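Structure record follows, encoded as structure tokens.
Read the numbers this way: they start at 1 and go in the same order the structure lists the ligands and their atoms. Chain naming here is simple, since letters A, B, ... match the order of the sequence lines and numbering starts at 1 in each.
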Amino acid sequence: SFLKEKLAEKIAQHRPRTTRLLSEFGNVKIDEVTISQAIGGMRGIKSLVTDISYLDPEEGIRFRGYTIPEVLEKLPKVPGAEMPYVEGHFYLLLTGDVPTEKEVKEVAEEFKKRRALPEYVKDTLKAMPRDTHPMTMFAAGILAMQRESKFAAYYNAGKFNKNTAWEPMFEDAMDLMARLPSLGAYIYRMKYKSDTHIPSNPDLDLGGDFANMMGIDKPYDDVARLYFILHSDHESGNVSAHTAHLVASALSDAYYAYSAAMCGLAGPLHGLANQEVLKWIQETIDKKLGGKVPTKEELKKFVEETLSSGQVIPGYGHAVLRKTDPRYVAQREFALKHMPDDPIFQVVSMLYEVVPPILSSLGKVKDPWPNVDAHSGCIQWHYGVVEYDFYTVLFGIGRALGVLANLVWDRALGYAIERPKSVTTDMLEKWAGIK
Amino acid sequence: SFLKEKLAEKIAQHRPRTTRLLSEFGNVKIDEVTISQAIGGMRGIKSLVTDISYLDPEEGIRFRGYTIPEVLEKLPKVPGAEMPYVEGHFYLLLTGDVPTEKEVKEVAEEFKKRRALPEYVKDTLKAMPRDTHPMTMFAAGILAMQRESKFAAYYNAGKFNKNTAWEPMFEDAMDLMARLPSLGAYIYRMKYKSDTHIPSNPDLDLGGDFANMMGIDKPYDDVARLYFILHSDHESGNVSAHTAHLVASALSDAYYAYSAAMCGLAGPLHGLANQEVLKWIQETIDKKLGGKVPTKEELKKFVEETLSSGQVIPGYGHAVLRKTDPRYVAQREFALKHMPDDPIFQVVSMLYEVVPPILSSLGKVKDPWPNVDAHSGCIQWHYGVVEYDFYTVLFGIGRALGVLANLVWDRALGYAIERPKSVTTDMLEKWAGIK
Amino acid sequence: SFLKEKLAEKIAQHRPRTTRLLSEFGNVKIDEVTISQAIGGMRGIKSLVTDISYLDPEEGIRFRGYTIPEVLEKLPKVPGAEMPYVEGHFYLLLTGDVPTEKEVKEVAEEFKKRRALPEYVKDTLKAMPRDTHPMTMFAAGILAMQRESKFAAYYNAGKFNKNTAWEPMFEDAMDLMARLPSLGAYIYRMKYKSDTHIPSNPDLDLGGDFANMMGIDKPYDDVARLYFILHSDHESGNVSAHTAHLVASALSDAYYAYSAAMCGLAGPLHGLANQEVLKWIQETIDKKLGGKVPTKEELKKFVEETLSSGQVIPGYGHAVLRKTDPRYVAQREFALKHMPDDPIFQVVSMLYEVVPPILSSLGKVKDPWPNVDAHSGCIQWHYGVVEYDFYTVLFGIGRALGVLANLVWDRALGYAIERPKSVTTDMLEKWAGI
Ligand SMILES: O=C([O-])CC(=O)C(=O)O
């Protein structure tokens, strides 16, 4: 039972559905476009297809039909530790199936042999000024390893075949996913930990070895495992996942595609929310609460003034999520058990109480509820990841699991180039009756 | 006169129009989306807004409402050369106005002072293996300079505001546009010309200095002014312009945005058609045509043999264009004028006569006509730019002209994060009634 | 056809709206259900949805937003005649758009080629005893023709698709509507006019050909076009429209649905009032007015005798109307023009004046006002349609317009099987506290 073989089977079962949908039901209508939506970032238009994950606006994110709680129970657990192998979650995103112990082990052995970082990636990151933002460094590392692309080599030797193209894409995906934790770790060490490095430990799994290379003791190994599974995918319309998909649709390899994707995740409106919550809180705990865990009342009215004055409670909104986020939920369950007393956690817990009441009552706030990055930071800070800018790197490692899975499938199914049609301000004006 | 102040003026007049389309005419339907389109990468969906350029299927591209012939006619010319200052085209894309001679001079002077490459860019490209692909190097060079982003510093200093965000965007666009030719030339010299560098001549325009730094004599300066102007923009739905737009919509700076864009342009379905066309012609001449420019009738039968056996004619057709590309036309006039007796151009000319009737009869191709990529290669090769992989880097340099103008406007008008909605196969199958 | 794709166009726009209400606001309360209403036939419960027409208690019926005056006014008229093509009304009911002259003409051509009666319908009707009530013959004729159902043929060959199911429903609607007047007219000749049959004239409009085949001269053509439009629909909760809806909600075809429709319309409390009115007027005229148009006074006193004897003035009252029926209004307009001097009409007219005041001030009848069943009879009798039982067949042909339009949408919008919940008397007694 091997991943690539099983993946071939699933691809063989899935192709006729796609073919059918095109041949028999091509012109069936699924949505409309308004002036509002064209000007406003295609907001809400159903115009992309993925099966890796689906984001219900009411129910949370599902990974291959499963729920977060389901995924966390079903995936084989790392022995002597509490969370699943991340490699098992990748097996699941790739195939649709929960892996057995036996199947996880095989992927994890595969990751161990693909995990080493090319020495020239380090050369490049050293030549880039050390004051460069970690996400720029992370994107660069990815880009430089485009030299190693099996998909690019396949294409340039003239081997392109629409049926087999997924095979080198799968190879590139396994290689890149194996290496991202090492690349992130290297960036962490070189910028923030005095440029001393802890070697990869061949016996550890992906998340375990990330914790190791980061230089953080148990239970950070589980913090990482959980964090990456949680950030693994949020369907394909988020900017990072979409950016990867889009670039890849031109048959650019994954190195190009995921580098481009990290350029999107770097954006303040996409990858910064975890840290901005945490800085908001700390500052609140500082100025507005005399350096101390407050009480329910105090917090209740703190919100109201911040609201009344044209300010937003951070990490309590979202463009697609309309209910509470179950990624948020899994973080808590972890916090409640591992750091119940941590001062910062106590404030994110209490915030859970009041702020839904106030936005529900104030009105509007189409999403009057917490998204994941309302929680992620307090866990990181607890364990001594204080370097805020780096948080987005952790996001990038995680999000690759679903995006690279997605890229394999884009190629398996021959999804065509993404090339919408532009219109001018004048054209919109016509269609609106203006003159 | 001054570019920044005129740009301000144009923004302050445009902003109410967008406002109005949103405020009054928001839910006006402009298009619909079918199952075919979700699966077929959004083909045809009118879901993006730009005023920089507009791609008309029949007429091709208009830059700020001007046709290619009237752009080349109206833009101020470099003294002692045939072609316009690329800096003038840039002014036109930013403002909508055709600049006076005085107005281009001050854009040329501004670029002269923003032209120099950060030394660490050269350090970075040297650390990257020398056998790395030139587009990988080009993307990397761009990305490394994200360190200088005024937009990023502005955001990180807490200065973000929807009225002023265009300003540091413009500064970053000006900085980066000024340097892109030097970045490309550095890559050309370091890879292909023995790693000897020709210094910038502070007395040349962008086009002339690019030929200087490449080490190519007149009239390659004109080849470059024309090439870059023709490749400047193809509205915003093309993968590279779209990638930059999408990434910048999360408030990622132009460096992140344009590095991402070049990752998409790297793609064989986006940035390779030039070299692939040229290789095809040269191979065809060698094997099928006994190393000689054929007669009309000999080439008509080679085309049909090729079309009958399951092949395609490279550089013909397009996902949007439905008639002859006016970019192809402008390249032809240059070729006719400058290299009539060139063997490769001859085949290109004859192809232009022979191929459209044959493709039209068969009605396989929806655009049975050439695009620019049918023509660019023979001109490059004629002046001794024989390094096929580098052709795309020339594209990158040109395309930044419209894409960076576009990011400035995106920020001016406050266009929101791009976040369309994904649906699964199961969901398409439900909508199709095959639940 | 231009009709079929105009309709495809409306459906594709209207479906997201329906999904939205389901998907987002599906738990929003719309009304409540009291023991009274459960016992008394769902009286006043807002449990059905339709867009073909809406019945306002006060203003009465609107067809696709439009009132009766407006509909009569806007619909293309027949050359040489007063009234609209009924085809025109069908288009409007289907599409929602008032039709151009060309649009009306395309429906009329479509009906002219769909108009011919299967010979086995005639065989079946001849085998039914000639003394069978015309509504039974009517419902049987419809039912027999479910052999031709395209919608059924499409179900049986595995081709059902929730997106495409409206399309064969539409074909059947067009096939059946095109035939209903011919079926009606065959029943009329075979029973009442010596079993001799005037052929269909393929140059005539639906209503003109009906009168042609019935054997009645102008202006019976206009009587019919008017009659059919006015009876076209009365939203979906009336027993005939509801029966068809209910039956088709189980994905029975329109032949099954409308046959069932006509079984309900057959009922004394739904399709008989027109005739029961006209008889009672005839009686009264003969055995209470010395066979002559009374004075206003003579008749104001007659209404009270009858009432205070525990009798009802038929053709007045309604379970939903609460003011005067605009259907009644329109019939009256026609009468005043064409038959002012008719004795029976003159009593209908007088009645119009004296009955509401009495009924109002008695405070008993919740609709102290006429409905259309108060008027239709005098018109039919005036032109020599004396055969009382057959009136309800006229209603059937009429009411198909709106109901078959409605079934196309039911399938278009994919409405589920109508299946409410039953409760015992005991349970009602428990929710009463006994
Ligand atoms: O609406 C009702 O319940 C009865 C009626 O008047 C009609 O069917 O036209």
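Of all heavy-atom pairs spanning C:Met350 and C:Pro294, the tightest one is CE-O, 3.4 Å.
Neither the backbone nor the side chain of C:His242 has any atom closer than 4.0 Å to an atom of ligand 1 (non-hydrogen atoms only). Only the side chain of C:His270 comes within 4.0 Å of ligand 1, judged by heavy-atom distances. Contacts between C:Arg399 and ligand 1, counted as non-hydrogen atom pairs separated by less than 4.0 Å, involve the side chain only.
Taking a cutoff of 4.0 Å between a charged side-chain nitrogen and a carboxylate oxygen, C:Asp222 and C:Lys218 do not qualify as a salt bridge. Between C:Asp131 and C:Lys191 no salt bridge is recorded (no basic side-chain N to carboxylate O distance below 4.0 Å). The pair C:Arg64-C:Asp51 fails the salt-bridge criterion, with no side-chain N (NZ, NE, NH1 or NH2) lying under 4.0 Å from an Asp/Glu carboxylate O. No salt bridge links C:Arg322 with C:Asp367; every basic N to acidic carboxylate O contact stays at or beyond 4.0 Å.
Shortest contact from atom 3 (O) of ligand 1 to any protein heavy atom: C:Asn238 CB, 3.5 Å. Remark: minimum distance from atom 1 (O) of ligand 1 to any protein heavy atom is reached at C:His234 ND1, 2.7 Å. The protein heavy atom nearest to atom 9 (O) of ligand 1 is C:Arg327 NH1, 2.6 Å. Regarding atom 6 (O) of ligand 1, its nearest protein heavy-atom neighbour is C:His318 NE2, 2.7 Å.
Using cut-offs of 30° and 60° for the angle between ring planes, the C:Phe395 and C:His231 rings count as perpendicular.
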